[PDB]
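Take a look at this one chain, the form deposited in one PDB entry, written out in structure tokens.
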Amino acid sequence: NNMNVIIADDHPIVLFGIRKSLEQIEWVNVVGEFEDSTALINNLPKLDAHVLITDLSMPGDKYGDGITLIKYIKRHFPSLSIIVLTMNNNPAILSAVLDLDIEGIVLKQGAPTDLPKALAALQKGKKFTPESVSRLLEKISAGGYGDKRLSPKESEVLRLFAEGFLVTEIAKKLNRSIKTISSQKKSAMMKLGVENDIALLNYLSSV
């Protein structure tokens, strides 16, 4: 079946390569290309397509930036399928994009194979997740904070610290020394990526 597609990307060289790779798929018909979000949004009403392939970092000063722009397109064009094509390999960005409930994400890194597969899955009404995305979602598998998971003893020490126990009181409670629990705490702070107690306690309110 014939699928009408719109491309939105502000990197001319990437846009060029996407156009060329979609021209070799006979059932894909490109009906628009845009370099900023104002032109994209203002023209979506007049173009017959229900697939948008879009990046995250488009310029424009009306309809929001990045994830907020994708949310905006979703709410204002609810029948439009969205594939996000991005160079952002940060795990927390990718999972936040997947929380929006869109067709799929394609990393520009592994993209020669993935974009045609994403479009194939879309034609069959399925979502697509390439190996290169689920690989990066494993780096936030241990509680959303990293590859090195907190040990059971580290987690208890941070739990008591978040409950209002000072290090000496944590030492007194679990029978270990002050040296031991100081290092179990320091170890845990390094894994979470935090430099002081204020920032540690803030971080633990979230998760």
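One rule holds for the numbers: they count along the sequence shown, beginning at 1.
> Quick one: higher average CA temperature factor, 146-154 or 56-64?
Replying inline: Higher of the two, by average CA B-factor, is 146-154.
>> Going by the mean C-alpha B-factor recorded in the entry, which is higher: 69-77 or 119-127?
In response: On average, C-alpha B-factors are higher across 119-127.
> Per the entry, which of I181, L166, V31, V51 tops the list for Cα B factor?
Replying inline: The listed residue with the largest C-alpha B-factor is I181.
> Whose CA atom has the top B-factor in the entry, of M3, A8, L201, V207?
Replying inline: Highest C-alpha B-factor among the listed options: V207.
> Within this chain, which third does the Cα B-factor at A92 fall in: lowest, middle or highest?
Replying inline: Its C-alpha B-factor, which the entry lists for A92, ranks in the middle third among residues of this chain.
> Is the Cα B-factor recorded for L85 in the lowest, middle or highest third of its chain?
Replying inline: CA B-factor rank for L85: lowest third.
>> Ranking every modelled residue in this chain by its Cα temperature factor as given in the entry, which third contains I140?
In response: According to the entry, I140 has a C-alpha B-factor in the chain's highest third.
>> For the chain shown, is the CA B-factor of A162 in the lowest, middle or highest third of its modelled residues?
In response: According to the entry, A162 has a C-alpha B-factor in the chain's lowest third.
>> Which third, lowest, middle or highest, does the C-alpha temperature factor of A171 belong to within its own chain?
In response: As the PDB entry reports it, the C-alpha B-factor of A171 lands in the highest third of its chain.
Not pictured, yet referred to below: the form deposited in another entry.
> Looking at the motion between this form and the one not shown, is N202 on the same rigid part as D147?
Replying inline: Per C-alpha fit, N202 goes with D147.
> By 3 Å or more, the Cα spacing of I198 and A96 differs in the other form; is it closer or farther than in this view?
Replying inline: Note: Cα gap between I198 and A96 shrinks in the other form.
> Your call: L107 and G144 CA atoms, closer or farther in the other form versus the shown structure, by 3 Å or more?
Replying inline: The answer is farther, because the C-alphas of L107 and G144 separate from each other in the other form by 3 Å or more.
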